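For reference, the structure discussed in these notes is given below.
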Amino acid sequence: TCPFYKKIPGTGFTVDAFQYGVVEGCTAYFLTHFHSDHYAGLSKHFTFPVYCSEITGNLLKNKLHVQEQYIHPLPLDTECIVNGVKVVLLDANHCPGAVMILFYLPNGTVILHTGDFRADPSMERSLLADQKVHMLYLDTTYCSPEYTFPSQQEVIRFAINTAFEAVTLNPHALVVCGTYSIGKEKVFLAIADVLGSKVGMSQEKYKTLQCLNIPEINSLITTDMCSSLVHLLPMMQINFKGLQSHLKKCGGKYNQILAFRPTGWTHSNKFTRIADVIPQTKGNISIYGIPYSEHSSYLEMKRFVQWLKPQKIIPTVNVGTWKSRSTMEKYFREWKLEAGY
Ligand code: NI
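Okay, here's the thing in structure tokens:
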């Protein structure tokens, strides 16, 4: 059944709740972003109102074929009324089109649902600064102190410097980048920019990127693989067998592959700096796992919550085990006692 952490009290609303059939009492279904664990269940047969960003609504129309009449896109940073309730969508610093949602309940309670987010100090100057938030529905993906990772900027600097050096030493090297969802487009776009290439990809993935309102996108991507020396492949193909096979397909244009897997966290983060990352190599193929995150680190999450000072926190991630739920509740109490709210 629909879990309680997907329901907004005092409303008929649900968030990211499309796989339970008709949720009894739901008048509006919000979708925070276009990732499959969140949209699971939507299709051309859905006939209830879906509220979302403009970019998420482009993907629902073009990739899932949801009918236009049920897609209700809202502008960001704008007070809107939905079924009698004031709401605001805020940028979540996750993937393209991802939002956080502020609900202003008729009784005076204010609720923030973060969706999936990577907390940032810039959020402390949005419309969130303007009133008190009583309840926080929080993306707790990396809510443990072992989860450190570098800034997105540091990781892209590493990637650009590594690719540029490799291709300048060997003009016959191909760069490959893995993907299995939207998000992390900076990785492949920044590498193609330094190399003076467009990124080549499948027709399905090009269609997906043409929904994202990225500026000058027609100048950066292509379905012509032959004209490109940065290829995007399914994350599943980023291994020695898959990459050897791909290299055969390129008809002797290339004699070396340098590949990137933009993982979330990996336990080499506890020991190793970004400066010191090394690849796995077999023959003329090298694979780099780079810690490019679109979720909060522990410290980023802690700073946001100690700034916001909510009265009640409802985790939305890692809620399936008692040991995880108890650990998270212990951190929330520490943060509150340290900061004095
Ligand atoms: Ni997500």
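If you're matching positions, the sequence shown starts at 700 in the authors' numbering and goes up one per residue.
Ideal Cβ positions, reconstructed from N, Cα and C, are used throughout, including at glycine.
Would you give the residue range spanned by the alpha helix (DSSP H) that residue i belongs to?
| i | result |
| --- | --- |
| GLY988 | Unbroken run through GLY988 is the beta strand (DSSP E), 984 to 990; no alpha helix (DSSP H). |
| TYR738 | 735 to 738 |
| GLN1005 | 997 to 1007 |
| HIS994 | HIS994 -> no alpha helix (DSSP H), and no H or E assigned at all. |
| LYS948 | 939 to 948 |
| residue 1046 | Here the chain has residues from 700 to 1040 only, and residue 1046 is not among them. |
Could you check where the beta strand (DSSP E) with residue i kicks off and where it finishes?
| i | result |
| --- | --- |
| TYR836 | 834 to 837 |
| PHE959 | 955 to 962 |
| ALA727 | 727 to 729 |
| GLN718 | Note, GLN718: premise wrong, no beta strand (DSSP E); not H, not E. |
| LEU932 | 929 to 933 |
| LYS981 | 979 to 981 |
| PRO1014 | 1011 to 1014 |
Under 8 angstroms, do residue i and residue j count as touching if we go by C-beta distance?
| i | j | result |
| --- | --- | --- |
| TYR836 | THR813 | yes |
| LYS1001 | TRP1034 | yes |
| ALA739 | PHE717 | yes |
| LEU826 | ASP790 | no |
| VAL893 | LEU931 | no |
| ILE916 | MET900 | no |
| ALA862 | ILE890 | yes |
| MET934 | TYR879 | yes |
| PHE712 | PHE729 | yes |
| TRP964 | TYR841 | yes |
| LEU946 | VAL874 | no |
| residue 673 | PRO772 | A query on residue 673 cannot be resolved here, the shown segment of the chain reaching from 700 to 1040 and no further. |
| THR731 | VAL714 | yes |
| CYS779 | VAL786 | yes |
| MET1027 | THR839 | yes |
| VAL1016 | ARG1024 | no |
| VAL832 | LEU811 | yes |
| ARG960 | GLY882 | no |
| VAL886 | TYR991 | yes |
| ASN782 | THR726 | yes |
| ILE977 | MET834 | no |
| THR922 | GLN943 | no |
| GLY796 | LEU911 | yes |
| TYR1030 | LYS1008 | no |
task = Indicate whether the contact test is met: 3 or more Cβ pairs, each with one atom in the stretch 794 to 804 and one in the stretch 705 to 722, closer than 8 angstroms.
result = yes
key: Segment contact flag, the stretch 754 to 772 with the stretch 897 to 908, C-beta cutoff 8 angstroms, min 3 pairs   = yes
Any 3 or more C-beta pairs closer than 8 angstroms across the stretch 969 to 980 and the stretch 847 to 857 = yes
ask   = Near the ligand NI, which residues have their beta-carbon closer than 5 angstroms to a heavy atom?
value = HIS734 and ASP815
request  = Evaluate the contact criterion for the stretch 925 to 940 versus the stretch 976 to 992: three or more CB pairs, one atom per stretch, below 8 angstroms.
outcome  = yes
request  = State whether the stretch 990 to 1001 contacts the stretch 817 to 826, with contact taken as three or more CB pairs (one from each stretch) at a distance under 8 angstroms.
outcome  = Using a C-beta cut-off of 8 angstroms, the stretch 990 to 1001 makes contact with the stretch 817 to 826, since at least three inter-stretch Cβ pairs fall below that distance.
task = Output the residue ranges of the alpha helix (DSSP H) runs that lie fully inside the stretch 849 to 922 and measure 4 residues or longer, sorted by chain position.
result = Complete alpha helix (DSSP H) runs here, min 4: 851 to 868, 884 to 894 and 902 to 908.
inquiry  = If we require 3 or more residues per run, which beta strand (DSSP E) segments fall completely within the stretch 732 to 794?
reply    = With a minimum length of 3 residues, the unbroken runs of beta strand (DSSP E) contained wholly in the stretch 732 to 794 fall at 749 to 751, 770 to 772, 779 to 781 and 784 to 790.
query = Using 8 angstroms as the threshold, is the stretch 950 to 961 in touch with the stretch 839 to 853, meaning 3 or more CB pairs across them?
reply = no
key: Length-filtered (3 minimum) beta strand (DSSP E) runs lying within the stretch 798 to 835   = 798 to 803 and 809 to 812
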